[PDB]
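Remarks on the structure that follows.
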Amino acid sequence: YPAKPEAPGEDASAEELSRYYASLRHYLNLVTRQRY
């Protein structure tokens, strides 16, 4: 799904989650001043 995706599999620790949660703040900014 768009806007902070969520799909747990068989390879997700308490760290992969921080990497997944700290990615939304980048994807959102990727539509602000900077554009991919």
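The chains in the structure tokens are called A, B, ... from first to last as shown; in each chain the residues are counted from 1, and the ligands are counted from 1 in the order shown.
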Open item on the list: Using only C-alpha atoms, which protein or nucleic acid residues come within 12 Å of range 5-18 of chain A? Drop anything in the same chain fewer than 6 positions from it, and give the result as a PyMOL selection string.
Closed with: chain A and resi 24-25+27
Could you take the residues named above and write them with C-alpha atoms, as a tab-separated table (two decimals), in the first residue's frame?
```
chain	number	residue	atom	x	y	z
A	24	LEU	CA	8.53	7.31	5.14
A	25	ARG	CA	10.15	10.62	6.32
A	27	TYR	CA	9.72	9.32	0.67
```
Test item: residues at most 12 Å from residue 26 in chain A, only C-alpha atoms, excluding those fewer than 6 positions along its chain, as a PDB file with N, CA and C atoms, in the first residue's frame:
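around.pdb was written with the following content:
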```
ATOM      1  N   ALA A   3       1.811   5.308   1.114  1.00  0.00           N
ATOM      2  CA  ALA A   3       1.913   6.073   2.363  1.00  0.00           C
ATOM      3  C   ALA A   3       2.246   5.203   3.592  1.00  0.00           C
ATOM      4  N   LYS A   4       3.551   5.030   3.880  1.00  0.00           N
ATOM      5  CA  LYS A   4       4.099   4.080   4.860  1.00  0.00           C
ATOM      6  C   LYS A   4       3.570   2.656   4.595  1.00  0.00           C
ATOM      7  N   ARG A  19      14.387   0.979  10.078  1.00  0.00           N
ATOM      8  CA  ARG A  19      14.732   1.281   8.684  1.00  0.00           C
ATOM      9  C   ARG A  19      13.485   1.514   7.818  1.00  0.00           C
ATOM     10  N   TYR A  20      12.391   0.802   8.091  1.00  0.00           N
ATOM     11  CA  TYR A  20      11.113   0.930   7.389  1.00  0.00           C
ATOM     12  C   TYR A  20      10.310   2.167   7.835  1.00  0.00           C
ATOM     13  N   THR A  32       8.753  16.972  -1.624  1.00  0.00           N
ATOM     14  CA  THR A  32       8.846  18.352  -1.128  1.00  0.00           C
ATOM     15  C   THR A  32       9.804  19.173  -2.021  1.00  0.00           C
ATOM     16  N   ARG A  33      10.796  19.888  -1.456  1.00  0.00           N
ATOM     17  CA  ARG A  33      11.781  20.687  -2.208  1.00  0.00           C
ATOM     18  C   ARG A  33      12.502  19.894  -3.297  1.00  0.00           C
ATOM     19  N   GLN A  34      12.963  18.697  -2.938  1.00  0.00           N
ATOM     20  CA  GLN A  34      13.580  17.749  -3.854  1.00  0.00           C
ATOM     21  C   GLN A  34      12.499  16.849  -4.460  1.00  0.00           C
ATOM     22  N   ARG A  35      12.714  16.434  -5.709  1.00  0.00           N
ATOM     23  CA  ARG A  35      11.857  15.493  -6.420  1.00  0.00           C
ATOM     24  C   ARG A  35      12.744  14.461  -7.106  1.00  0.00           C
ATOM     25  N   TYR A  36      12.460  13.185  -6.848  1.00  0.00           N
ATOM     26  CA  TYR A  36      13.122  12.054  -7.497  1.00  0.00           C
ATOM     27  C   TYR A  36      12.973  12.092  -9.031  1.00  0.00           C
TER      28      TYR A  36
END
```
Open item on the list: To test your reading of the structure, identify every residue in chain A that backbone DSSP assigns to alpha helix (DSSP H), and report it as a list in words.
Closed with: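 Matching residues, listed in order: residues 16, 17, 18, 19, 20, 21, 22, 23, 24, 25, 26, 27, 28 and 29 of chain A.
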Selection file, N, CA and C atoms, as an mmCIF file, in the first residue's frame:
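The resulting selection14.cif:
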```
data_model
loop_
_atom_site.group_PDB
_atom_site.id
_atom_site.type_symbol
_atom_site.label_atom_id
_atom_site.label_comp_id
_atom_site.auth_asym_id
_atom_site.auth_seq_id
_atom_site.Cartn_x
_atom_site.Cartn_y
_atom_site.Cartn_z
ATOM 1 N N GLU A 16 15.046 -3.758 11.217
ATOM 2 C CA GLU A 16 14.424 -3.587 9.894
ATOM 3 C C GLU A 16 13.196 -2.673 9.981
ATOM 4 N N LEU A 17 12.453 -2.730 11.093
ATOM 5 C CA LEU A 17 11.341 -1.828 11.367
ATOM 6 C C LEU A 17 11.758 -0.363 11.483
ATOM 7 N N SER A 18 12.830 -0.031 12.219
ATOM 8 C CA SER A 18 13.334 1.347 12.276
ATOM 9 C C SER A 18 13.733 1.836 10.882
ATOM 10 N N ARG A 19 14.387 0.979 10.078
ATOM 11 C CA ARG A 19 14.732 1.281 8.684
ATOM 12 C C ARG A 19 13.485 1.514 7.818
ATOM 13 N N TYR A 20 12.391 0.802 8.091
ATOM 14 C CA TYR A 20 11.113 0.930 7.389
ATOM 15 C C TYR A 20 10.310 2.167 7.835
ATOM 16 N N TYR A 21 10.376 2.511 9.126
ATOM 17 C CA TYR A 21 9.732 3.682 9.730
ATOM 18 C C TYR A 21 10.461 4.993 9.411
ATOM 19 N N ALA A 22 11.796 4.965 9.313
ATOM 20 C CA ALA A 22 12.626 6.116 8.961
ATOM 21 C C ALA A 22 12.728 6.352 7.438
ATOM 22 N N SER A 23 12.081 5.503 6.624
ATOM 23 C CA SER A 23 12.009 5.621 5.161
ATOM 24 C C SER A 23 10.834 6.500 4.710
ATOM 25 N N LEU A 24 9.709 6.493 5.445
ATOM 26 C CA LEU A 24 8.527 7.314 5.142
ATOM 27 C C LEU A 24 8.899 8.806 5.146
ATOM 28 N N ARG A 25 9.643 9.253 6.170
ATOM 29 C CA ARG A 25 10.150 10.624 6.321
ATOM 30 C C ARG A 25 11.070 11.044 5.174
ATOM 31 N N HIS A 26 11.595 10.083 4.408
ATOM 32 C CA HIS A 26 12.423 10.322 3.236
ATOM 33 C C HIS A 26 11.569 10.358 1.963
ATOM 34 N N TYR A 27 10.706 9.352 1.751
ATOM 35 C CA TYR A 27 9.715 9.318 0.668
ATOM 36 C C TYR A 27 8.818 10.564 0.650
ATOM 37 N N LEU A 28 8.335 11.012 1.818
ATOM 38 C CA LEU A 28 7.563 12.247 1.912
ATOM 39 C C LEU A 28 8.400 13.453 1.470
ATOM 40 N N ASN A 29 9.642 13.568 1.959
ATOM 41 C CA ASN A 29 10.518 14.669 1.566
ATOM 42 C C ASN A 29 10.913 14.618 0.087
#
```
